[PDB]
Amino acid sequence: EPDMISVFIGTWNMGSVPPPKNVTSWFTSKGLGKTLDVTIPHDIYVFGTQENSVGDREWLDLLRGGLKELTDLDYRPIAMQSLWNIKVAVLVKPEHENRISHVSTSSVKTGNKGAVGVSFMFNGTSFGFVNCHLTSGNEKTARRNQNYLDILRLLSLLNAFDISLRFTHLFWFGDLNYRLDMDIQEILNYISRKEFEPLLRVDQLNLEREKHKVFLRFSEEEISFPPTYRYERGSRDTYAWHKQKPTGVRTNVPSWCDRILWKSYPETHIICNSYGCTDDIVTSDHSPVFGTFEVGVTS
């Protein structure tokens, strides 16, 4: 009977290391951006991650018990898919168990990079969740754009007919790994002034969307939080933008690598309540990103 449902899409690049004891902020959209700083539990939790070194059943344990400590409800996993260290998981309120149908998972390798995806039906309405890791490196904007198109065609979630038209609501999140077309100096000035707008005019992802090359007719909430990459581990005061190392020196300008985009159909409405990132979770050089939405469901 529920006309509306709240969905949580969380994306985090764990950075080849396990998570910490506490990850409440992430779950509850606490931190910076369009944030939620009662704590009422979401109808569905959907977790995407990119360099998650925790085992697949181990990892899903943490999610289940992290939600139990928070909500006091046994969220039950509907589906889960892994592709090396790229992993996604879809959990749901016990009561909503017998509304999920036609659940499907799939993966696509574009080494080590690609997409992991789940789709399913909630009553009448259909959903799609793609989680991905794309080609890294400031100048590799063409290869990412390829990655998208390959994931858009090759992902198996009516399948041998269309692509990003299959689902009522398609969310697409993860480490899209798109950078800023700017020199470190300005980037850092604009970050210290908390003036992200001039940097977003120049963000690669936005530039390719604006050139109608990738993510056609996709929507994204307006970013008002600092670039999620690349931090120094152990705090969030310091971008790790030019460390020297025996494995080479790497010149990474801070970027909004981590993103949540969606595409719905008309007359089927969906508002976005939260879209931000943490500031307390400091085990990875990425900061985890969250996004919460209210979504229309029918019989």
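All residue numbers refer to positions in the sequence shown, first residue = 1.
Among the other PDB entries of this protein that were compared and that flank it with modelled residues, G124 is modelled in all, so it is never left out in a third of them.
In at least a third of the other PDB entries of this protein that model the residues around it, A160 has no coordinates. Missing coordinates between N206 and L207 amount to none of the deposited residues, so the segment is unbroken. The modelled chain breaks between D37 and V38, where 1 to 3 residues of the deposited sequence lack coordinates. Judged by mean Cα B factor in the deposited record, 145-153 ranks above the other of 145-153 and 210-218. Comparing the deposited coordinates for 273-281 and 19-27, the stretch with the larger average C-alpha B-factor is 19-27.
Sorting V130, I163, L176, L199 by the CA temperature factor given in the entry leaves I163 at the top. When the C-alpha B factors of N138, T135, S126, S82 are read from the deposited coordinates, the top value falls at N138.
Sort the modelled residues of the chain by CA B factor and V253 lands in the middle third.
Placement of the Cα temperature factor of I184 within the chain: middle third of the modelled residues, per the deposited record. Among all modelled residues in its chain, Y75 ranks in the highest third by Cα B-factor. Ranked by C-alpha B-factor against the other modelled residues of its chain, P266 falls in the highest third. Split the chain's modelled residues into thirds by C-alpha temperature factor. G48 is in the lowest one.
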